[PDB]
Each structure stands twice: as C-alpha cells, then as structure tokens.
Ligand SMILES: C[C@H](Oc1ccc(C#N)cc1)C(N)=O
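Take a look at this one chain, the form deposited without this ligand, written out in structure tokens.
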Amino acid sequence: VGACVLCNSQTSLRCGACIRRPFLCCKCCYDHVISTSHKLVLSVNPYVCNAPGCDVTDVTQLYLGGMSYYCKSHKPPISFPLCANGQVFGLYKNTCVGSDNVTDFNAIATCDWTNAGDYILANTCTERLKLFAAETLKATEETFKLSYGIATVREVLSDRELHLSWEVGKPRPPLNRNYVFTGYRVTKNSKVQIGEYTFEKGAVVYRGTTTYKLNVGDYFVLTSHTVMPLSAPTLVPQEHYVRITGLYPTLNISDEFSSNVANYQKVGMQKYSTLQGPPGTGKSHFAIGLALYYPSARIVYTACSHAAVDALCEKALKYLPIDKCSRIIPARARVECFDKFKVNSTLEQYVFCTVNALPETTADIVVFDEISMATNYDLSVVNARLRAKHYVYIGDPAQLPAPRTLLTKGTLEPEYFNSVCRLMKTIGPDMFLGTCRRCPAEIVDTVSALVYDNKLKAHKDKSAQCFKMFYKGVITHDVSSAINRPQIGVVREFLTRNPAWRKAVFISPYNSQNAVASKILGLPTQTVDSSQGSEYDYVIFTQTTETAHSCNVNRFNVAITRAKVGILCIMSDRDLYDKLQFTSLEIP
C-alpha cells in the first residue's frame, strides 16, 4: 500500500509490467493499462484468474467473485469488472483523483530509451515523474547489461594478462578501461566476489581491485549496481534569504578569490545556486575559494566522475589546510585516484567524493561540479544523502555529458541533460563566469566562435604555440576502438622539432590510439573523459578518424580547452580543421 505516482492518491495497486513497479491509483492504473501493453497489476495479491488451470493475468479480462478473481471465460453471471468505466478495483477505490498528464507517464514507462525525445520528456515532465524517469532509465540501463555474456577464465598467462572464454549465444562487451567487470570464485553452493576488474586487448590485459591469483573457472560479468527508489527531488524548493545564514564570512581574502566575493555572498543568501562557466573560466577555482570565504563552514565537494573530483582535490591541495581535507573512496576498489588527502575520513571539514559513493551526512555548503555529466538520478542522490544549507551547482552544459549509452538516434540538447542544466538554459544561472583564465587566445577564439556564441572572453593573450595540421593518415581498427599510426608518426617527427613538447599530454577520442601513441611517443596520455576539469601546459591531439564520435563538438571542445600554453591538433575532418583558429603546418 502506497501513494500514486501521478496523483499521490493512496492506493494498493502497482503495475507489474513496469520494470519499476510504481504505485498507481485506480484511474491512473486504468489509464495506463488501456493505452499501453502493460496489463499486469500487483495489489496485495496479483490480479489473476482463480480458475483451476487458467493463465489470465491481464487485468482487462478479470472479474470479481466472492473473495477471488476470474477471467472473462471462467466468471459467474453475477460478477463485475475489476477495471471498467475508467477505474480499477482496489483498496482506496474511492480516493482516486485522476491525472491529466498520464500521456507522459505512458511514454516514460514504455520507451526503450533509444531516442533523444525519451530523455527530453524525462526532464520536461513533473518533478514526481523526473524521479520515476531516472529510476526507469537506470534500471533499463542496468537490465541491458544482462544481454552480454559471461566471460570465464580460460588460461592465466601471467599477472596482468589472461585468456578469456565467452558464454555462447550472447555478445561481448567492449574491452577498455571504461567498462568495469566483477570477478567471482565458484564455491560449493554459491558464488563469492573476487573484486573489480578491467580488461584491454594486448590474449587480454587485466588489472584488478585485488591481487587474487585467479585460476581457471572464475568468471567476469559487467558490474551491475542497485537501482534505488528515488525520494528527494532533483532540486529542493528554492528559498531566498535576506542575509547570510549559518555562515560567518572571512575578514581578509586572497587576491585570487577576491573577484567572486559578490557571488560568494549570493551562495549564502539562497537555498541553491547555479554557476555556469565556459571552459577554463575558473568554475572549480570558484568552488575552492568558497571554502576560504566561509572558513567555519563545512563543504562537501562532489562530482560524477573520479577525474572531476580529483581536479577539485588538486586545487584544494594548494589552497586549503591539508589536514582538514578528505577523499571518500568506496571500499575495495583499487581505482587509482588522488591520495594526498586522508582517505575515507567522512567527518572532515572538506569532503571530496563521487556522487554514487556519497555518505549520508550533513554539510553547510554542497558543491556539485561538472554538472553537464550529471543526471536527474544523481541530483536526487545528492539531496537524499547530503542534507545541507546551500547547494552550489557548477558546470558547463557545452562540455561532457553523462554517458547515455542506450541513447542512439537523435540529438539531445544540453538543456535536457538534467534539471540543473535545464535551469541554465531557460531562466539563466544564478552566477556566471564569462572570462577564460586558462587557455591561450587562439584556443579561446576557436571555442568562442564554435560553441559559445562569440560571448567568451580571453584573459590570456595569443601564445603563438597553437598549431593545426590536416592529415587523414591511415586508419586501422581493432574491435571497438581505432588507431591512426601515420598521425602519430606526424607527432613523432614534430616532437623532435619541438623538444618542449615531450612533457605534453596526448589527447585522442580513442584509447587504443592513446595506447599506441603511448608506446611510440611515450607521452602522458589522457582521454577526453579522463581529462575533465584538468589543465596541461602542452596538449597534443590526434583526431584519428572522421567518425561521428571523433567529430563531437563537445568532446572536441573539452579536449582542446585543456591546454593552457600550446596545443597541436592533428585533424582528419576538414570541417573542424578550418574552424580551428590555429596556425597551419606543412607536410614533410
């Protein structure tokens, strides 16, 4: 027994065909079952024909007789429909209102999440539906991981190398660092977890959360996480204040964070505040300075990726007392991340943690950085677990989004990423930093006229070290990713002529190209995903292919805006090459 998801009308009915089983009132249950393929209803007992040897679970055929339910063919003459005239028989069959926006609920519950419009509706609906939509999406995504087959240990070559065998009749997941597996040891009458594992193609290379000596017969499946019911909203009700509440501002502040003191005051004058900033404009710098303006306040810094949280940790290292910081890493995951703070010291003034690894705790201010990669599920988790006085949502909708791996056909705008990005595109951000304080003028001019509507201002001047070369090269593939060796050879010859560029960071859309360029060039390699929130003096980027993946403007924007001094872009698509306001080089 619970509350309807479309009315809040008390009811005992749930839809069994919905993969989330939401409470539905008598009218809503009727409105849903008559217009969709969903016909199973769950009350105290599932509505099913009490006739011996009958299968009818469809509520549209069932009738009530005494204390049992019968189908259309096994019903007595005096028997009444369970679902008729617009309602469904159930507890509280009389406190049933009826929603006007049930058309939305039907589309959300029945869509496969392969079109952008399915995600548009999941962000433009009511708040009660946003939580439901995020549950259905995450459950759909987690259910789609079961379509891949099991991988078992066939042969152990060494430690960091394996031979795998694949469960028949099912496809194989892509082998790279993005996809994390779980290993199991087969016991007598059960199965026990061995840790976390990731695989790459050399015979496969492996790294584990443990040093376990995996033997033949152990198996790996994509790590699936529990979909939790969402209670707290994506955004709490907005409260505006008349003075600063709960916080005591500092008397003297450093000259770096002096330009944000007006915005820092606005943070403490309202329940939640949004800061939109183009790349390299000081959004994360804004977040760490907030701690210095409210020295007594306890701030929780969170983001959706371990990379973005590490970026905040690096800045916090420079500006905050190191003995007041902590990095929250989840139990028994090796995944290498910033360990210059105390690890898993939840009761510190400053806490740096990932969204899905958040502990249930209070804070004075909550800072959510890189908001473009967030989802409504993430926003709900943050309000659920972190109870704070102030919520600061920081990010750039024109940077990396959350991976919507089931989204296939169509283009989703940044305005439909999540409810916080929805505010930034409609009513505007509460705060805004419009001056890029990191990249040279050539990069800023490129991204300003490319994606930021010529509204991005540069603080740095032309460094004259931003170069672009047009070489398609030779594209070679292994399964998921791709490799362009001639484009790497261009960098190799370039690296001799510019010896100040072998400390540079190599960026590429494909991480097989990263591995190949790491072996031949021997440079530090970062993916666009792994470079988020980070800045490097010199960046070398090879586009590798002209595929739709490599030509993504947001992905391309993030990659080239990582450089603070110089960048070299080996482009394959002339459309993006000509839109680069760099200096062109000549072929040898």
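From 1 onward, residues are counted along the sequence shown.
Just so it is clear, the following notes concern the form solved in complex with this ligand, a form of the same protein that is not shown.
When this ligand is superposed onto this form from its pose in the entry with it bound, three or more of its atoms come within 2.4 Å of a backbone or C-beta atom, and the site is therefore classed as blocked. Residue 501 belongs to the set of residues with a heavy atom inside 4.5 Å of this ligand in the entry with it bound. Remark: residue 198 does not count among the residues lining this ligand in the entry with it bound, judged by a heavy atom distance of 4.5 Å or less.
Interface residue remark: residue 63 is not counted as part of the site for this ligand in the entry with it bound, having no heavy atom within 4.5 Å. Contact between residue 465 and this ligand in the entry with it bound is found at the 4.5 Å heavy atom cutoff. Judged by heavy atoms within 4.5 Å of this ligand in the entry with it bound, the contact stretch among the candidates 152-160, 113-121, 493-501, 207-215 is 493-501.
Of the residues in 538-573, only 538 comes within 4.5 Å of this ligand in the entry with it bound through at least one heavy atom.
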